[PDB]
Chemist: 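Pasting in a structure now, in structure tokens, and then I'll have a few things to ask.
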Amino acid sequence: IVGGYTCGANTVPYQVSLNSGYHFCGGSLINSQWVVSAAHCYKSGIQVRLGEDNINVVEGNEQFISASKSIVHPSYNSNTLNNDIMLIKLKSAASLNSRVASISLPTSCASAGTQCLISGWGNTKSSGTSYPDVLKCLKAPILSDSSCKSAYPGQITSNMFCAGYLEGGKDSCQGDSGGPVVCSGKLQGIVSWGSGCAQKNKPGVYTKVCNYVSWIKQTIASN
Ligand SMILES: [Ca+2]
């Protein structure tokens, strides 16, 4: 997250870190046994780390649980990043409490102008590299479909939305991928892509979660 703030320990209780020896992506806990993340975060050997603030210090609220199964969206395309969504089943159910909690799925899509909370352990510089140890947060609005398509000609599908600031300076970044965009207490987006980070006229692009709720629910019901 570029241009954000320190969330506060365990204030984003659905935020997970995907670990393969090191943090490599975010995710969101959607029930005791399932995480939503970005398909472009897929790899084998994932450990889901719940209850994290400092990803380099054991602080006392962590739950570390291995993935038992990963399911990339059937229609994911890694060239275009269309359908940039994946589900991860945990080997055991997480213990849910005030600091480790699921986030509601949307029943309705969000609109341009809604404020949302974007979080992660990704890069905090736009023309530099600095990776934080504690979770970072950004409040940002959803942008119009037309401004999104104007920023990224020929690249925005019906499964993507933009959020952020066209002036630059405030955005998600590398290492935030897979993490949440939460608007009015609902998971509306997944950190997906963008040209650089926090660049003028290059807002963040997010997977549009409300398009996937039927797939998510039926996948959970059968797995
Ligand atoms: Ca920790």
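The figures here come from the full heavy-atom set of this structure, side chains too, leaving out hydrogens, waters and symmetry mates. We count ligands from 1, going down the list as the structure has it; atoms in each ligand are counted the same way. We number each residue from 1, following the sequence as shown.
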Chemist: Is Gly51 close enough that one of its N/O/S atoms sits under 3.0 Å from the Ca ion (ligand 1)?
Modeler: no
Chemist: State, to 0.1 Å, how close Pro13 and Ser98 come at their nearest heavy-atom pair, and which atoms those are.
Modeler: CB-O, 3.6 Å
Chemist: Walk me through whether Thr207 and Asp84 qualify under side-chain hydrogen bond (donor to acceptor under 3.5 Å, both in side chains).
Modeler: CA-CA 6 Å; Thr207 309; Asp84 192 15; 4.6 Å; no
Chemist: Test the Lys136-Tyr5 pair against the cation-pi criterion, namely NZ or CZ under 6.0 angstrom from the six-membered ring centroid and within 45° of the ring axis.
Modeler: no
Chemist: Got a sec: is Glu59 within less than 3.0 Å of the Ca ion (ligand 1) via an N/O/S atom?
Modeler: no
Chemist: Please note down the angle at the Ca ion (ligand 1) between OE2 of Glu62 and O of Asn54, to the nearest 10°.
Modeler: 160°
Chemist: State the atom name: nearest N, O or S atom of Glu52 to the Ca ion (ligand 1).
Modeler: OE1
Chemist: Between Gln174 and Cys197, is there a side-chain heavy-atom distance shorter than 4.5 Å?
Modeler: yes
